[PDB]
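Heads up, the chain below is alone and in the form solved without the named molecule; it's given as structure tokens.
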């Protein structure tokens, strides 16, 4: 994954600087597993997840099943985190996800800005902001009717 033109040249921009940011960076590596059972370990009981163009999932049960539903149709082939920062229990990630659609085989580099809420080392909230139509039309896989 190439560094975008607008990427910060601060050598520490993409590096974790707190234990919370290190956990989020480990979560980004584990995203390539496409394994909701593995990823659910990072989540607290009182938590939520939402790919913002799609309906949110509240509670650990709904988060795992929502992630598992996405992984039946798409694979996260690579995650490249350009920027990671944090303030007040929220961690922010500006990144590219290489998403591959299983039915069509096409892949696409999706620009994503996400936020992670963490208490006691566990994710109590994860929201990824991006444009869904770009990914749908890129890989020929509609996720929103």
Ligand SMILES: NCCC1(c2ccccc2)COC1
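Positions refer to the first chain, counted from 1.
Just so you know, the form deposited with the named molecule bound exists too; it's not on screen, but the next bit is about it.
Visitor: For the form shown, open or blocked once the named molecule is overlaid as positioned in the bound PDB entry, with the cut-off of 3 or more ligand atoms within 2.4 Å of backbone or C-beta atoms?
Guide: After C-alpha superposition the pocket is open.
Visitor: Just checking whether residue 128 would be counted as a contact of the named molecule in the bound PDB entry - the rule being heavy atoms within 4.5 angstroms.
Guide: It does: once the named molecule is placed as it appears in the bound PDB entry, residue 128 has a heavy atom within 4.5 Å of it.
Visitor: I'd like to check something about residue 97: if you look in the bound PDB entry, is any of its heavy atoms closer than or equal to 4.5 Å to a heavy atom of the named molecule?
Guide: Taking the distances in the bound PDB entry, the answer for residue 97 is yes, it comes within 4.5 Å of the named molecule.
Visitor: In the bound PDB entry, is there a heavy atom of the named molecule that lies within 4.5 Å of any heavy atom of residue 40, even though the partner is absent here?
Guide: Heavy-atom contact with the named molecule at 4.5 Å: absent for residue 40.
Visitor: Is residue 115 a contact residue for the named molecule in the bound PDB entry, using a 4.5 Å heavy atom cut-off?
Guide: Although the named molecule is absent here, residue 115 would stay clear of it in the bound PDB entry, with no heavy atoms inside 4.5 Å.
Visitor: Could you work out which of 44, 76, 62, 101 is the residue within 4.5 angstroms of the named molecule in the bound PDB entry, going by heavy atoms?
Guide: Selected option: 76.
Visitor: Mind listing which residues of 62-84 have a heavy atom within 4.5 Å of the named molecule in the bound PDB entry?
Guide: Counting only heavy atoms within 4.5 Å of the named molecule in the bound PDB entry, the contacting residues of 62-84 are 67, 70, 71, 74, 76.
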